[PDB]
Amino acid sequence: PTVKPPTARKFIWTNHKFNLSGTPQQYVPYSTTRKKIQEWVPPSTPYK
Amino acid sequence: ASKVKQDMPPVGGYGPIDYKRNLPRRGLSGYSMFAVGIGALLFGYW
Amino acid sequence: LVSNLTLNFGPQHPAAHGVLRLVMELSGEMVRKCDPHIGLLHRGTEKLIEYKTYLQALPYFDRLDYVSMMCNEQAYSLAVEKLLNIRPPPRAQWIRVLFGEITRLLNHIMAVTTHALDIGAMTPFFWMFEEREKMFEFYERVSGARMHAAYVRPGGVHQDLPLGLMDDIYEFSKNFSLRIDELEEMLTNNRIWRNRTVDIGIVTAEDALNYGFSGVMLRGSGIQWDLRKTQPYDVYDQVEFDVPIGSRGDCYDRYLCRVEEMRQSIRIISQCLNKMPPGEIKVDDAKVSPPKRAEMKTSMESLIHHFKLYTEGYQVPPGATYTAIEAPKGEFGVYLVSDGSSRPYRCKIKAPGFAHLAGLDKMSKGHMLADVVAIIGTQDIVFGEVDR
Amino acid sequence: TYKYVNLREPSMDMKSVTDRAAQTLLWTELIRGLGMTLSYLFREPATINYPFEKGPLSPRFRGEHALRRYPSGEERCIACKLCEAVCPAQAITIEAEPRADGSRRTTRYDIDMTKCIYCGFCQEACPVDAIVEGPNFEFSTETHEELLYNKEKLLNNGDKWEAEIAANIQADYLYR
Amino acid sequence: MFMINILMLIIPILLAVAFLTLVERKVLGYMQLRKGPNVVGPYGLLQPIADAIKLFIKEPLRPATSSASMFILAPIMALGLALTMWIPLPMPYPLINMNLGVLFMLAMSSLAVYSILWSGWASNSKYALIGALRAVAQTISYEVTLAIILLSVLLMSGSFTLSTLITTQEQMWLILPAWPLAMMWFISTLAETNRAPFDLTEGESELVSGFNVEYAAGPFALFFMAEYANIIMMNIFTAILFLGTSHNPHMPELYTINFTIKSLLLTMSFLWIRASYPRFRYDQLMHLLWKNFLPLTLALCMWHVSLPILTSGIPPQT
Amino acid sequence: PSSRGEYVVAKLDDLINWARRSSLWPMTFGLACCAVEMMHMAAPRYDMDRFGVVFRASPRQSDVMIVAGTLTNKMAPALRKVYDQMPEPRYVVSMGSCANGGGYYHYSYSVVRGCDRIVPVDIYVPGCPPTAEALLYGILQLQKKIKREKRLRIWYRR
Amino acid sequence: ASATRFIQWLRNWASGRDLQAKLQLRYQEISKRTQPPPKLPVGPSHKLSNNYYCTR
Ligand SMILES: CCCCCCCCCCCCCCCCCC(=O)OC[C@H](COP(=O)(O)OCCN)OC(=O)CCCCCCCCCCCCCCCCC
Ligand SMILES: C[C@H](CCC(=O)O)[C@H]1CC[C@H]2[C@@H]3[C@H](O)C[C@@H]4C[C@H](O)CC[C@]4(C)[C@H]3C[C@H](O)[C@]12C
Ligand code: SF4
Ligand code: SF4
Ligand code: SF4
């Protein structure tokens, strides 16, 4: 890389991180979508 | 652009490649080996 | 039935062929009955292929005989191409023979060395996997994967040979006959090895054919049969090589046949390197083969064919074919049925190891228990293809 | 065209018979086998010093997956779902919607790395070079959950490995 | 001073067995084009310690043993006999100077098959026993030719004193006059210790389980120490018997050096042979003895009784 | 000299950990393809023995089980049998997609969808197959995992 | 390759082969890892005329 440097992009990481498995920085999967069906919210109004 | 540039053999082909079995024959004949063995016994006995 | 010894290779040793449960009746040291139980690596491969397009199904064929990855691919590709009625271009046919013979060398090193390793001769195993490791680099340079290349596809090959590959293959092939010679300096004339293989597991020519044997299992018994010579399929009619033939039908002749096949593979590889022609690598027909990534981003028709090829897939005309090749282990064939859509209707895989293993009981009769290890080894059984 | 691997007839002269007698009694071939093993003891080992030394790879190597970006920083993926359709293992799950600026972008991109066969069909099928298999092959984890990649993980891999990935594409895109 | 001299023999033996395991793995590696242990300590010099500490903290297996007594005797008998075989060896002076040292060693090694037999019978598995019985028949078989070969050699030494073998070879190694016997001796020490191409115990483990299958890490590690102790001792004995070093009473340590180097080179020839040949089948290693070695060993025993008489070269009795 | 109990336990813990990771004898189920890459990890180029990892270990002297290939339903009982016979401490290494979660037969009727349904797994090695180097990285990750164990230190505070 | 001449003589003699001619290891007879860019050919159907798909 000294002779042939890699192209510079602003989004590229500056600080390389090693395998973080088994540490408090490990990757935990999760769903990245929002709730599908919205539930009807009962009125706070009490009238009967 | 430049004429097609592909992975091709060098002009003239590659050099010959050996494929045939080659176990080189070594050692002294049958008679000689026994003589050397028997000669050692006689020297040891003497 | 003095005693029944249910021998499970469940606690597997360094063989990697798979796992075999063997149920035997030992009337002393001798073996009276042998009964292989072979469900342990059954993965439902033939049913899974029915839910995949023809392209999606190809990687399944890498994972059958997982020491003959690119030879299994060629059989699938030759079957699909036959139904498609297309032809791969001449350069790809040479690349598929070239890597078909690099795969034969890969298979025989595993076959001979692990056969010898089970019979106690551990060292040649390490000598030769330094060579297989160098062959795994050829696989990775053309496909990006050391083992399951997914490189031979209907219509030709995925990509062209990178510049500088053929020189490295020639350098490997130039030093390789000496490696085989070292192996024979340790086994061919070794009295211990001969005592463990000579007149073991003898098979007569008549019983070989009726039991369905193929490959070395026939030629060890003296049958002059090789699919590359009698039913050639790529450019094998354009390369000179000799078929090794046995005379006694025992393990030792089968061991000699494989070692001589490695030499003939190097002979063939030499001719492929010199005769490699120029041109394209996949059939120039974009309703079957995807177009180049440059054309797909420039041409409307190429983008449409790219889009459909990687979603629906190309449709194959209705029909049924049985295609077989001379795989390293034997005759590897696929019976492929097309219903006209883009997904196969039925894909039956003909594994040479399926018949050979079924013929174990026949061969083991009247042999000691320690011979059975030698008999299974000389058959060259991998349970990826036995079970599918 | 065939050859005979073992059809010799041993000579029955006394000189030849004595040669086999000397071989049988003096263990000649067995000594020869000991010679070959002795020669290897003085040959240099093929071992390399992992992890300080690494085995050679190529630009085409198929490793960990990552999602890429354009030079500007916009994600290359347009949610066409061609990778999801081709994936032989059904390892990819995609959902999409119109982004706040009306762009065609995914809201879910997942790869079950325990389903994936690392075949690289998805990068062959992508029209915009958005999904790639990177050069990383050292990402083994301690738990199964750490191998189910969502969109953030694959975007982070692209940000992490873009420097190398771009060079590898540069080296091989003409073959592709 | 004698108690010290015993511990100057027992402890160094255990350490040599500890570091024979490193030497075995490295010599096999380089013959297989690899390095072998070289990470744990410099050049793998701590590999034996890590293996030793690892095994003794390992959870024991479940004994499930038919005879508890014979379960604990087998390792004690094997380990104790292996250490006892070293007391008469002249290096150049024996720890115990016996007038019948050769018969003491021959007689003691004959008891080493009880460890094999007991552990198999105490194992509680029917296939384990048939493994032990197969091994015993191999051990006692190759004892026959060892005794006859040893008898033939001692007819040119003239005594059972092990220190008299040094005097016999003062002018020349017994490898010259007795190379046909040295060949069959060297093989029989391979088969005696159950070493490749005769290690049918390990090779046919799946077919027939070995006798040492039932012992835990600690107890099994002790069976293994006794086994390499015998292998070192049988090559030390091979060196004294056929490659006798000259003794200079003013410089005994020169004997101990030249003697030690010859012992290693034969001990590493065991490793060399293990890396070169495939294993024998059981009926083939019985064929090798009862039908090849024994006829020749008997013929050479007849020859080595007649030869001293017909050449007027009978050795002294004292 | 002077030393606390906490200091003694920390140093003894480092000793046993160093021994256990320095001498890892692996049992290998070579179920399918991934066994071929396990064999390449033993060949000259990588040579796992140079780390103290023996080529072949019996099930009842083994320290780590490496599951290298597809675990079918017919085979699952046998694998759990072998796992129970292994003396502790025992670790499982899951090698490749098939063992990790079923892989490319995940939707099969005859395949266990991951070997963690049968046995506890310590390290997961991705790939189809993982390269011999990728498996070696996994084993070296198990050595570091063992290095961080605190069995004695926990025992002291019980 | 860096073996002294004596050790070269020994291993040649033991194996009976001139091992130095065909060494198992690779040094600098291998291809360069960086290679010039390629220019792959087009197939026989890359024609601008007389190229109707119905005839192929
Ligand atoms: C003047 C009168 C004087 C009296 C004597 C005159 C005549 C002398 C000439 C005769 C010499 C006798 C030779 C003695 C050696 C023993 C011979 C022998 O037994 O070899 C045959 C044996 C099996 O024979 P086989 O190959 O199976 O043939 C089929 C069976 N008919 O084959 C085997 O042994 C197989 C052995 C397999 C294990 C070998 C592994 C080690 C090999 C390398 C070791 C090299 C030698 C080590 C030397 C150590 C010395 C310290
Ligand atoms: C038992 C002994 C520890 C005794 C001691 O040094 O005091 C240890 C140290 C090194 C060990 C050996 C090596 O570490 C590994 C060898 C390889 C195979 O797994 C068989 C066991 C094997 C042959 C081991 C047997 C035994 O457990 C050994 C010999
Ligand atoms: S590499 Fe193959 S299996 Fe893996 S996600 Fe891409 S297409 Fe699917
Ligand atoms: S990664 Fe590529 S193929 Fe997959 S949805 Fe995005 S743009 Fe389409
Ligand atoms: S993960 Fe891949 S290489 Fe491993 S067994 Fe499964 S299909 Fe074969």
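The rules behind these values
Residues numbered from 1 in each chain as written, not as in the entry; some residues may be left out. Chains lettered and ligands numbered in written order. Part of a larger assembly, values for the part shown. Heavy atoms only, no water. Helix = DSSP H or I, 4+ residues; strand = E, 2+ residues; numbered from the N terminus. Buried < 20%, exposed > 50% of the residue type's maximum accessible area, 1.4 Å probe, protein only. Contact = heavy atoms within 4.5 Å. Areas by Shrake-Rupley, 256 points an atom, 1.4 Å probe, with all protein chains shown as cover. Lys, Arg positive; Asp, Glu negative; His and termini not counted. Charge placed at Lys NZ, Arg CZ, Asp CG, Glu CD. Pairing = 2+ DSSP bridges. Axes fitted to C-alpha atoms, helices over the stretch in contact; angles between N-to-C directions. Buried area = accessible area lost by both parts, 1.4 Å probe. Salt bridge = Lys/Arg side-chain N within 4 Å of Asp/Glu carboxyl O.

Method of structure determination, per the deposited record: cryo-EM was used for this entry, reaching 3.02 Å resolution.

Caption draft 1: Expanded view of the overall build of chain D. What chain D contains, in helices and strands, is five helices and six strands. Helices and strands appear in chain D in the N-to-C order β-α-α-β-α-β-β-α-β-β-α. Principal-axis analysis of the C-alpha atoms gives chain D an extent of 100 × 45 × 35 Å. Expressed as a percentage of its 176 residues, the buried residues of chain D come to 57%. For chain D, restricting intrachain contacts to residue pairs at least 6 apart in sequence, the fraction spanning at least 24 positions comes to 69%. Here chain D has roughly 7,400 Å² of accessible surface; of this, 54% comes from carbon and sulfur atoms. The averaged location of the 27 negative side-chain charges in chain D is 6 Å from the averaged location of its 22 positive side-chain charges.

Caption draft 2: Main features of the sheet that holds strand β1 (residues 4–8) of chain C. All names here are of chain C. In spatial order, the strands read β1-β2-β3; together these three strands make up an open sheet with antiparallel pairing. Of all the strands in the sheet, just β1 and β3 (30–37) have a single pairing partner and so form its edges. When the angles between neighbouring strand axes are averaged without regard to direction, this sheet yields 20°. Pairing analysis gives five bridges linking β1 to strand β2 (residues 21–27), with the strands arranged antiparallel. Paired with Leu-7 across the two strands is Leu-22, which belongs to β2. Sheet strands touched by helix α17 (residues 369–379): β1, β2 and β3. Its angle to β2, the strand with the most contacts, is close to 145°.

Caption draft 3: Seen up close, the interface of chain C and chain D. Contact residues are listed per partner, giving 55 residues for chain C and 44 residues for chain D. Taken over both partners, the interface formed by chain C and chain D buries close to 4,200 Å², and the fraction arising from carbon and sulfur atoms is 51%. Across the contact surface, chain C and chain D share seven salt bridges. A salt bridge links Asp-129 of chain D to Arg-293 of chain C, with the shortest nitrogen-to-oxygen separation between them at 2.4 Å.

Caption draft 4: Broad picture of the sheet that holds strand β9 (residues 346–350) of chain C. Residues and elements named next belong to chain C. The strand order β7-β8-β9 describes an open sheet built from three strands, whose pairing is antiparallel. Of all the strands in the sheet, just β7 (319–326) and β9 have a single pairing partner and so form its edges. Strand-to-strand twist across the sheet, computed as the mean angle between neighbouring axes with direction ignored, equals 10°. By the bridge criterion, eight bridges tie β7 to strand β8 (residues 331–338) in an arrangement that is antiparallel. What sits directly across from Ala-324, in β8, is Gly-333.

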